[PDB]
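Here the protein sequences line up with chains Z, P, F and G, keeping their order.
Residue 350 in UniProt numbering sits at position 134 of the first sequence; the count goes up by one each step and never skips.
Take the second sequence: its letters are residues 43 to 71, 97 to 189, numbered as in UniProt numbering.
Residue 323 in UniProt numbering sits at position 322 of the third sequence; the count goes up by one each step and never skips.
Take the fourth sequence: its letters are residues 241 to 583, 588 to 1275, numbered as in UniProt numbering.
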Amino acid sequence: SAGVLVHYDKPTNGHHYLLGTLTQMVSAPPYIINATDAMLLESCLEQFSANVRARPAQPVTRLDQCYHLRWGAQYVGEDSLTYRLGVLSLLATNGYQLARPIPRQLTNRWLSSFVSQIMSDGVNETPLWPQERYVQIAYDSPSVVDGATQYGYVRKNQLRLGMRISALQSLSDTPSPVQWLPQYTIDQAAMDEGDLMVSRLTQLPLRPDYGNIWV
Amino acid sequence: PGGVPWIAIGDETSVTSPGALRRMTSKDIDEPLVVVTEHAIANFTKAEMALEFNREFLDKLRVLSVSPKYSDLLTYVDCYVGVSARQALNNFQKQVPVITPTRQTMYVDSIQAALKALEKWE
Amino acid sequence: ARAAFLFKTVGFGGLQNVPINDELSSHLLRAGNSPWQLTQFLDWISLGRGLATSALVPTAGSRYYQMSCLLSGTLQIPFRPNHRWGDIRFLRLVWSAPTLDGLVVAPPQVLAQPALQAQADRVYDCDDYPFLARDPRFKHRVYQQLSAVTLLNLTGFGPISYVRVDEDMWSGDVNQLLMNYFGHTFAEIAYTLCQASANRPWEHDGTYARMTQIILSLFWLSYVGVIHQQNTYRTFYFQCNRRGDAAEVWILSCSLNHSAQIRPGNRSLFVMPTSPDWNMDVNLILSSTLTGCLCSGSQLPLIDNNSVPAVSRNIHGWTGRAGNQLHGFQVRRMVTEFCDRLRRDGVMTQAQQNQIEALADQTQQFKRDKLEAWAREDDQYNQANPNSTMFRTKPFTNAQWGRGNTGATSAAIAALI
Amino acid sequence: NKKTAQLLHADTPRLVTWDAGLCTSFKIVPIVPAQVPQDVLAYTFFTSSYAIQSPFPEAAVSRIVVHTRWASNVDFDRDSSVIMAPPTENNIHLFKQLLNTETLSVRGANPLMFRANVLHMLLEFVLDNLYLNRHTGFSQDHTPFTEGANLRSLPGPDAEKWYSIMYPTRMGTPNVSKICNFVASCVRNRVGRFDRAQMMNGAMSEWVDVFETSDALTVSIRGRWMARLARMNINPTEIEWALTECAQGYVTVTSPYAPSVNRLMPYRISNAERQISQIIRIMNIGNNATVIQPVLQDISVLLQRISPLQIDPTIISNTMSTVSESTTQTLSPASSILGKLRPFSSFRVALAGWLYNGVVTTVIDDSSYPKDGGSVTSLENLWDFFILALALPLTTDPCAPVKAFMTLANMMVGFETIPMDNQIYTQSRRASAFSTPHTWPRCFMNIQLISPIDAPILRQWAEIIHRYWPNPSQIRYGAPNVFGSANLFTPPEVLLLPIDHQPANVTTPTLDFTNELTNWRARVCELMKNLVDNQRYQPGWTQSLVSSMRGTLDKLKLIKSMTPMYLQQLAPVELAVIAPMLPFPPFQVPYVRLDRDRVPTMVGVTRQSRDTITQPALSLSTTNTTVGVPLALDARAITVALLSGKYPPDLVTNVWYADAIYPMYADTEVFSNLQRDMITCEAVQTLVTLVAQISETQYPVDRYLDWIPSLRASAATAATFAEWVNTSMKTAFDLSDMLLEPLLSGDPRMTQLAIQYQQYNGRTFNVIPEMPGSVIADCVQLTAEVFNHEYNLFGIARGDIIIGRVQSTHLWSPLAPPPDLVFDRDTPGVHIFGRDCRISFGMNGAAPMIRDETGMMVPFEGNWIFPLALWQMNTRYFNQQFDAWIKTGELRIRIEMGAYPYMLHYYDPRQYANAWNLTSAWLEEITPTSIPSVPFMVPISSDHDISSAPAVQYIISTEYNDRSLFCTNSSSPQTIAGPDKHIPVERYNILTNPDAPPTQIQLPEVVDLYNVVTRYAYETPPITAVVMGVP
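Written out as C-alpha cells, the structure is:
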C-alpha cells in the first residue's frame, strides 16, 4: 500500500525498496502531497534540469534519475499525479525538455505554479503508457541508459519517437513586448467564428493615456 | 469501403497520437491486407453471371462445374481504417471486407482460364 | 525457478471448430463453473477402482482433453485484444469476474450474441492480462494448469515424464520427512504430495522439490526394473509385488544385502512412452501432474528444438535449439524390460517373466480392441452430428501400439544410471 | 447465544464409521413357491428336499430387492435406511410423504411431487451408505468343497449361510437344477482374498483385495468417501513442525522418523472454504452488538492470564504526595487532580479492538465528557482536557484527533476562534458533533489559515498534532502451511499495529522514556504549561500557584510507568501468541495516520444475484448489505492504567512467557470447526444441485429424469424442499449447528456470494468465494443416470397403459401382452380427446354421438385415446358414460400417464377369471389429482404344461418393464410351465465370464451382485501418540 518506486541506476547501499508512509505534505499552497509524490517530483525536476544543461562530454550522477513504481501498482491510478509524474520521469529519461523556460532552480512559488499547470488536465501528448512488465525504452532515444541498464529495463525496437534533438541557450525574461513578423495562410474561415474567438481572448476594454498629438 | 488496415504501433486501445499507430500486418493476424469495395464485389458477381451465360460448354467439357462464388473470399472485420495513418486515427471502422492480393490473383486467373476454355463455344 | 509465463492455444487436427459439444462442457461442469480445479480436470480415482470410463469420459485423460479444449476457447476472451472478462459469451460461457476465477451461463441478450471466434494455436503470454500480473501468487497457481495443458499440446505423440537425480536431495532430515511416507503406496504418497503443493508454492530448490524429484526418480527406476530389493538405492526403493497388475504400485521398501551403485552426478530429463494405453494409466497422469508442479516451481532447460514440433520450435519458455530428447517406450515392452532386468539378475525364473509378458499381451489386446472400437464410435458420431462435432479424446493411431524404440529408451535409462 | 456457541465450538459428527456386516443395500426375495412335492417328481431329486443351504432362493418366482444395510453390522448408525416393499404392496405413502398436503386418501397421490420424492430417495440411499469398510479376516478351507481357500470370516456363528452365498461355486452340483447350472457356469478360480498388502518385516497387510458377493454402487459411494478422507490426510512430522513453529521456541514438540505405518490425519482444506464460513459467520453476526460483548470478556480473560504486567495504584498516590503546597493557597490542584482521577478488562477490550478494528470502533464513555464542556478558569477542566488528550490517541474514533482539537477549540471559543467550514458545523457545534471527515474544517486542513498571533495556543496545538501524531506499524502472524490465512481485506500474515514497534534487548528490561506515548504526554504538558504562561491568563493565577502548576506538569511528563515499554515490545508478542487461541479470527481495517480519504465508511454483502447481472461485481452495488457498530470505553480507567504500569519486580520475559505458554499450548478447536465448515460447504453445493434439478438458474443446469413428472416450483415450494434437504443433512451428520440459514434467507434460485466495503473516497472492495469439489454432486448425477437405466429396479413404472378387454388362451404378460393384439395413439380408427369434444344424446334408438376433439360426432365404441388427466377430471361422468362400453363394448382406449406406481396381483390359472370389477373399482376410485397404484393381474407359474382356461383382462402397459425378475423355478432343474427366467449372467459377469476383467462393470446397463472388494486396516492414531511436547 506504501508502494515502491526507485532509481534502479545506482543502489546507494544496494537495492532499496521505498515505501510511502502515512505522513504527506500539503505545505505547498495549495496542493496536498503524499511523500511518494514529493520525492518523485524532486527527482523528476532534477532529471529535467539535467536535460536542460546536458553537455555531450559531461558525466551524469545517474543515467537513471527517476523513481519507477515496482510495487503498489494496484494502489496506483492513471489520473493520479504519481502516474503523470511517472510519464514525466520516462520523458526525462528520453531527455524531454519542458516548453516553458526552466530556471536553474525552480522557485518554491515557481514549483507551485508548475504543479498548478501539471494540475491543468489535458490529453497527454507523449504516447508512453506504463508497463510493470518492464521499464520501457524508446528505440531511438539519445541517452545510453538502456545499454547501462542490466535488469528490469526494456527498449522497444519498434518504439521510435519522431522528435528532433535541440537544447537552447540562456532564456532570461523580457520587460516589454516586441513586434512578431506575421505571415498569412491560404485557409479561409467564417468572420463570426473569428469574432467569437476574439471575445474569448479580448483584452477590451480599458483607458490608455492619450499622449500628445503635437509638440 | 476503402483504405487499409491499421493496428496500434505500441499500446492496444490507448491510441491517441499518430506515433502510436502503424500499418496492421498480415503477421498481426505477412501478405497484403486490403479493404474490398462493394463495387468490385458487384462487378465480380456480374463476371460470374457471364460465366453462367457460358455454363453449357464448360459442363459439356466436364470441367470445373462448380461456380467461383467470389463473395466467399471476402472477410469483414472491425478496426481503425484509412488510406493513410491519419484517416484510420480519425476513422475506426467495423466489418470491412478484406482479402490478400495473391488470393484475388488466383481467383481471377481461374476465371481467365475458364474464359479461354469457353472460347470456342461462344 | 520458472520466471516466464506464456501458453499457446490448442490447434484442431484438421477440425474447423473446437472438438467439444455443449453436452461435453456441461458434463465437465457437472456441478462447478471453475475449470481451475484439479479434481475438475480429473475425478480423483484411487487405482484398481481407478480409471473413469464414461459415455462422455471414456478415460480421465479424455476428460482432461475436453477440459483443455474448453479452457482454450474460454481463456481467449480475457486474452482477446480487449482482454474483457464479462462482455461476451463463448458458447454461452461468461467469466464471473476480471480475475476470471469463475464462469457463468451467458446472459439472454449475450446468449443471443455470437461466441468468441477463438483462433487455434494462439501463443499467449500470461503477463498480458493485468489482474494476473497484479497477483503473482494467483498467476503462479493458475500457471500450474496452464503448464500441464501446454505440455500435452506440445507432445504430438505420448507425453514425456521428467526425471532428475540429486544426492543433496538424499541429504537432510527432509529425507526423514520422506521417510514419514515409508510403507505408503506411491499413489497415496503422490496424492498427499500434490495436495501439499496445491496448498502452497515451494522453493525451486525447496526441500519438498528435492523430495518430489527423488520420489519420481525411484518410481521410474522401479517401473523400468532399474531399482529392486536386489538393487536398492541406499536400501530405499518403491516396490510393486506383481508387475502388470491393474493397480501395481511400487511402495517404499527396504532391502538388506542388495545395495545398488549409482554414478555420482545430476541428471534431469523427460521420457514419453509410445503406448496409447496411458489414457488408462493412472501412474503416468499422476507423474504428469507432479512434473507440471515441478515445472511451476523451477524453470527446467528448454527441450531440443529438433526434439519439438517445428511450429513450436524456439518456444521461449519451453523449447530451445539445444534441449533434452523425449524417450518413447511402449508400456508392454517397458514391463518386458523390467522383467528382463530381473531375469538377468536371476532374482526371478525366466518362466515367471514369460508368464508376466503373456498377461501383459492379453491386457494390451483387450485394451487395443476397446480403444479401436471407441475410435469407430467417435467417427460414426462425428458423421452423425457435423453441427455438434466433438472428440472424446485426442485422436490416436494403431502406430502408437508399437514399441517405438522402447528398448533403445530402456538402454538409455540404464545408461542414465 | 447458539451463534456465540457455534463460534466457540461445533457439534461433533461421527466421522469414522466401520461396517462389520455386508456392504450391500440389495437382497434377492422369493416371490412364488414351486408346485412341490409332486407324485411323478421324486422328492429325492430336489436338493432343497434335504433342506441343503442354497446360494439363492429356490422358488417358481423370485426377484432382487433393495434392502439398505440388510446384512450390515456397524459401530455407528447413519439412520438413513431406504427399503422398497414388494411391487404387490403399496409404498405410495413414501411417494406422497412430501407435498401431498390435501391428499386425504392413502392410495391417491399427486404426480408432480413424485420427482422430488424419488430424488430424495436417491439422496438418502447415498446418505445411508457413508461408511468406512474395516479390513476383514479370512480362514483357510479345511474341506474339499474349495481348495483350502481363505474365506472372509465374520464374528458370530451361522456364517456358513454367508459362505455358501459368497461362493455359490462352493455348492456341489449332483443336481442339474438351474442353480446348479448357473454355479457350473461361474468361474471356479475367482474365490478368496484377491490380493493383500503383505511383505515388510513385521508388517500385516494394510489393505487386502478379495472376490465376494456384494454391490459395486454402495462400494463406489464408500470409495468416494474414502477418497475425500484420503484427500484431507496430514502427516505427523508436518504436525511436529507446525506445533514447534506455533510455539516459536517458547515450547518444543518432537516426532520420530519411521516407515509409513498407515495413520489417518485428515486436516487439510482450502483457505477459501474458511473465508466462506467466516463470511456466513459475519452475515449471521451483522448488527448484533450483544454477541461481541461476551467474546470481548473472554478475550479480556485470555489477555489478563497471558500478560505479566501488573497495575500499580501506589504510583498515583506517590505522584500526588509529590504534589506540594502551603496552607495559604485558596485551591488544591492535587485535590483537583485526585477528583479528576475519580477511580485491565477495558484495556484488553481496546487492544482487542486493535485486532478487530475492521468491524468495531472504540469510543469514550459520554459521562467522561465535561458537562459544561470545560472552562479556562477551571484547573479541573484543564485536567479533563489532559485525560481526554491521553485517551484520544488510544481511541479508534476516526475523527477523534480532530474532535480533541475541537474540544480544545470549543473551550477556547471567544478566547481563541477558528475558521469553520459552515454555519451548520459552527464553533458552538459540539466537538463530538463533528463525526465525519467532512466536518474536519478547511482551516484545520490549512494551518496557515489560523493566525498564531490572534490564536497562539490553537496554532501551537495544531502544529503539535501535525508534528507529533503517533506512527503505527504492522506485524507478521499466522501459519500458512497448517493454519492457512484468516486475513479478509488485508495481505496474508499481516497484522496492523496502532504504533511502530522497536524491539526490547533484555529479558529484564529497564524503564525507557524515549516513547511516542511519553513524547505525547510531554508535549501535552508543555502545551498546557505555555497556556498557563499566557500573558492574559497567568495574571489571575497566583505566582506560587503558577510555580506549583508548572511543577505538576513537569512531574506528569516525568512520571515513571512501564505501560508504554510493555505496549512497544511485549504487547505485540502477547497478541501474536494469543491469536491462534482465538475462536473468531480478527477483523482489521488499515490505519491511516491522516489519510481520511481511505477511512472505511460502508460495508456491503451479496448472498444473491441480479436478474440480468451475472458478474458479482456489477450487481454487488445494488445487492450488498451495510454493516458496522461502535464500542464504548471509559477513558479514566485506561488513562490511570497508562499512568500506573508496573512489571513483576523479578520479571524474566523468557521464563514467564515459556511457563504460561506450556499450559496455554493445548488448542485443537480450529481443525474440528474447519471440518464442520467443510461439511456445511458440501451441504451448500448439494442444496444448489438439488435446486438445479428442480429449478432453472443463472448457472446452466442438466435434466435427464424429466420423464418423471414434477410441478412448477414457487419460492414457497422451493423453501419447503430446501428445508427438507437441510433437516435430512443435519440428521445424517447428527449435527444441530446452524447450516444453510443465510442461503434460506431470500430466494436461493438466484443467490450469489460476495462481500464489499467502501472507503471515504467511495472506492469499494469485493470478495467472491470459489467452491471446492463435492463427492455428493458426482454421486447424485451417477444415481440419476442409474435410476434412468433401472426405474423398474426402483419399482418405478414408465410409459402409458391401455384399458381394453382381452380374453384368450394365450398367456401374455400383463406388462408384455402379444403385439398383434395391441394398438396405440397413432393407430387407425382411434380417437384422441381434447377439451372441445362434446357428447350428443341418442333418441328413439338412433345412434348417439360424442363430438370429437375435432368435432366429429359418433357413439361410444371403437378405438379411442384418452388423456388420463381428462378422465380424472371427468372420472365420475366418464365411468357413468363408458363403463358398459368399456366392459363389453368394442371401445379401446390408451391412457397417457408418462410415469405411474404399479402393483402386482397373482391369480390361479386353472379357473376362468374376469378383471372387469377390479378395473371398474380402480377407474371409479381415480381422482383428478390422486389415484391408487396401477394394478396388474398375473397368473401362477407351474412346473408342467396344461391346456389353457378362459380369462378376461382390461389393462396393459406401453413398454416392457418386467426386467425386475431374477429367476424362475430355481428350485426345479428347468422351468416346465409359465415364464422361464435364468439367474441374470450380467449381474454375475465376473464369475460367469472367465475372460472378463475383475474390474469390468456393466453399469449402467446391469448392476453386478458379485464384486472384488478392497478392505483397509489403516490406523487413525491421536497426535499426542506420535507428537511429544518437550519442555
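Yeah, the Cβ is synthetic: ideal placement off N, Cα and C, and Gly gets one too.
- Along the stretch 482 to 499 of chain G, the positions whose C-beta sits under 7 Å from a C-beta of chain F are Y497, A498 and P499, read in chain order.
- In the assembly as shown, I292 of chain G is an exposed residue. Its beta-carbon has fewer than 16 other beta-carbons within 10 Å.
- Here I1045 of chain G is not near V358 of chain G, since their CB atoms are 8 Å or more apart.
- Residue pairing by DSSP places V1196 of chain G opposite G:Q1051 and G:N1158 in a beta bridge.
- At a C-beta separation below 9 Å, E341 of chain Z has these neighbours in chain P: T58 and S59.
- In chain P, no part has a C-beta under 8 Å from the C-beta of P99 of chain F; the shortest such distance is about 15 Å.
- Nearest to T390 of chain F by alpha-carbon distance, out of F:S308, F:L25 and F:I161, is F:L25.
- In the DSSP assignment, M1181 of chain G falls within the unbroken beta strand (DSSP E) covering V1178 to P1183.
- DSSP, read as helix, strand or coil, puts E737 of chain G in coil.
- Residues of the same chain with a CB within less than 8 Å of the CB of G990 of chain G, apart from the 5 flanking positions on each side, are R851 and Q852 in chain order.
- Of the residues G:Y497, G:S1057, G:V1270 and G:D1022, the one whose Cα lies closest to the Cα of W465 of chain G is G:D1022.
- Identification of residues in the stretch 203 to 230 of chain F having a C-beta nearer than 9 Å to some C-beta of chain G yields an empty set.
- Judged by pairs of C-beta atoms under 8 Å, the stretch 300 to 312 of chain G does not touch the stretch 1135 to 1146 of chain G, as fewer than three such pairs exist.
- Per the DSSP secondary-structure output, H284 of chain Z pairs in a beta bridge with Z:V222.
- Between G219 of chain Z and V292 of chain Z, the CB-CB gap stays under 8 Å.
- Taking the CA atoms as reference points, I509 of chain G sits about 54 Å from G412 of chain G.
- Taking 8 Å as the cut-off, the beta carbon of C769 of chain G is found no closer than this to the beta carbon of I516 of chain G.
- Taking a 10 Å sphere around the C-beta of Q331 of chain F, we find 16 or more other C-beta atoms and assign the residue as buried.
- The Cβ atoms of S540 of chain G and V593 of chain G sit closer than 8 Å to each other.
- The distance from the Cβ of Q1218 of chain G to that of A1193 of chain G is about 24 Å, inconsistent with a contact at the 8 Å cut-off.
- At a C-beta separation below 8 Å, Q374 of chain Z has these neighbours in chain P: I51, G52 and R64.
- In this model, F80 of chain F and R254 of chain G are separated by some 48 Å (Cα to Cα).
- Each of G:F733, G:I662, G:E737 and G:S717 was checked against the Cα of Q746 of chain G, and the nearest Cα belongs to G:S717.
- The count of Cβ pairs closer than 8 Å, one atom from the stretch 1157 to 1175 of chain G and one from the stretch 344 to 351 of chain G, reaches three, so the stretches are in contact.
- Within its own chain, the residues whose Cβ lies closer than 6 Å to the Cβ of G1078 of chain G, once the five positions on either side in sequence are excluded, are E1097, listed in chain order.
- Contact with chain F is found for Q1025 of chain G, since one of that chain's Cβ atoms lies less than 8 Å from the residue's Cβ.
- Within chain F, the residues placing a beta-carbon under 8 Å from that of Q290 of chain Z are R135, ordered along the chain.
- Apart from the 5 residues on each side of it in sequence, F330 of chain Z sits with its Cβ closer than 7 Å to the Cβ of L322 in its chain, given in chain order.
- Residue burial is scored here from C-beta neighbours: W258 of chain G has fewer than 16 other C-beta atoms within 10 angstroms and is therefore classed as exposed.
- A Cβ-Cβ contact shorter than 8 Å links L155 of chain F with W319 of chain F.
- Taking 8 Å as the cut-off, the Cβ atoms of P317 of chain Z and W326 of chain Z do not count as close.
- Under the DSSP assignment, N390 of chain G falls in the beta strand (DSSP E) whose first and last residues are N390 to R392.
- Between the stretch 105 to 120 of chain P and the stretch 358 to 367 of chain Z, the count of Cβ pairs shorter than 8 Å is below three; the stretches do not touch.
- The C-beta of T55 of chain P comes closer than 8 Å to at least one C-beta of chain F.
- For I719 of chain G, the closest C-alpha among the options G:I268, G:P736 and G:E1169 is that of G:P736.
- Close to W345 of chain Z, with beta-carbon spacing below 8 Å, are these residues of chain P in chain order: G52, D53 and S56.
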